[PDB]
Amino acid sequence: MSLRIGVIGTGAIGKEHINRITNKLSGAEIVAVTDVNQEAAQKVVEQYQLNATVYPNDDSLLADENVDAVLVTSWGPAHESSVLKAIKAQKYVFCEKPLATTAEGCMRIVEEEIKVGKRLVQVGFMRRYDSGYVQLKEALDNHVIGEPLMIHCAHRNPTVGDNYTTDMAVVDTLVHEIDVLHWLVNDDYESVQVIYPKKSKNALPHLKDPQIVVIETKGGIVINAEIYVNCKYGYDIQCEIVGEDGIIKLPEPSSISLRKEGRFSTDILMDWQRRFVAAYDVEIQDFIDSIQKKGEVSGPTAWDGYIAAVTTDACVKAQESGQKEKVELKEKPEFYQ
């Protein structure tokens, strides 16, 4: 059959996932939705022409015997509650970041999932499904460059809104690097340090931008991550991994080249939504296919959600202290190995 999916939270993110499941992907259907604003959920069912029940809350949606799996796409601080309820209802769950707002909240989810005996929770770190990152992972797993030693990366954005604050550089922005890098190199984070260059003219007075975040792993890999969210020129993700015997680097997004007016050039995307559309499609298709074929999910795990929560909190601490701060992680359970 089609995997029958319910959606908890019908804002921009939920709508985009509803659109991809309904109009782009294979093997699933939206059969149920809920939102805090019931009127909004009804509008969504109408706009996307869904054959779906509108439920007043997640408890009633999760009680629907004909819902197999849910997307948790509500307000971030509301995610944890729905994830816990879904685990208890024994539904598969795809949770947009964050899994929970604290390490403790992630640990509550971890404890309950481990009881189930199979993986129900996939966290929405879509970078792992981007073709460039998949290529990097394959090269590393094949020992192409020997042991990784250093990672140099950048997350650049053209401009941010007036409400974007210093902490969000790590909470909303660097969190993607935080998830993908430890996955690439199969190592755990140990410490973080934040350094502030000269503030850019393109940043509002309350915002510290750019920033450099230096992260060391337990194995001794050193990551230097630049975050510059008012770079003006484009939305740009760059990542180079220096190994003992060679160096691998993430590609530019594909663009025709142009020779014109004394310049040889390619395009730089301006819109972050154009950068990872394929990865979002693949991540959800993987959720669907893994469930149908394996009876459990296969992507970033609740434990990856925990690592992101602990590490982001340490980075925010380091933003304030100017000192090297410890990333204190519990031992990874065999369940998540």
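Residue positions are given as counts along the sequence shown, with the first one as 1.
For the stretches 207-215 and 160-168, which has the higher mean C-alpha B-factor as given in the deposited record?
Result: 160-168.
So 319-327 or 21-29, which one's hotter by mean CA B-factor in the entry?
Higher mean C-alpha B-factor in the PDB entry: 319-327.
Please pick out which of 50, 268, 279, 69 has the largest Cα B-factor as recorded in the entry.
Of the options given, 50 has the highest CA B-factor in the PDB entry.
Highest recorded C-alpha temperature factor, please, choosing from 182, 260, 128, 198.
Each of 182, 260, 128, 198 was compared by C-alpha B-factor; the highest is 198.
So where's residue 119 on the chain's Cα temperature factor ranking, which third?
It falls in the top third of the chain.
Where does residue 3 sit by CA temperature factor within its chain: lowest, middle or highest third?
Within its chain, residue 3 is a highest-third residue by C-alpha B-factor, going by the deposited values.
Place residue 86 in the lowest, middle or highest third of its chain's C-alpha B-factors, as listed in the PDB entry.
Ranked within chain, residue 86 CA B lands in the middle tercile.
Hey, what third does residue 249 fall into on Cα B-factor, ranked over its chain?
Lowest third.
Using only modelled residues of the chain, where does the Cα B factor of residue 241 rank: lowest third, middle third or highest third?
It falls in the bottom third of the chain.
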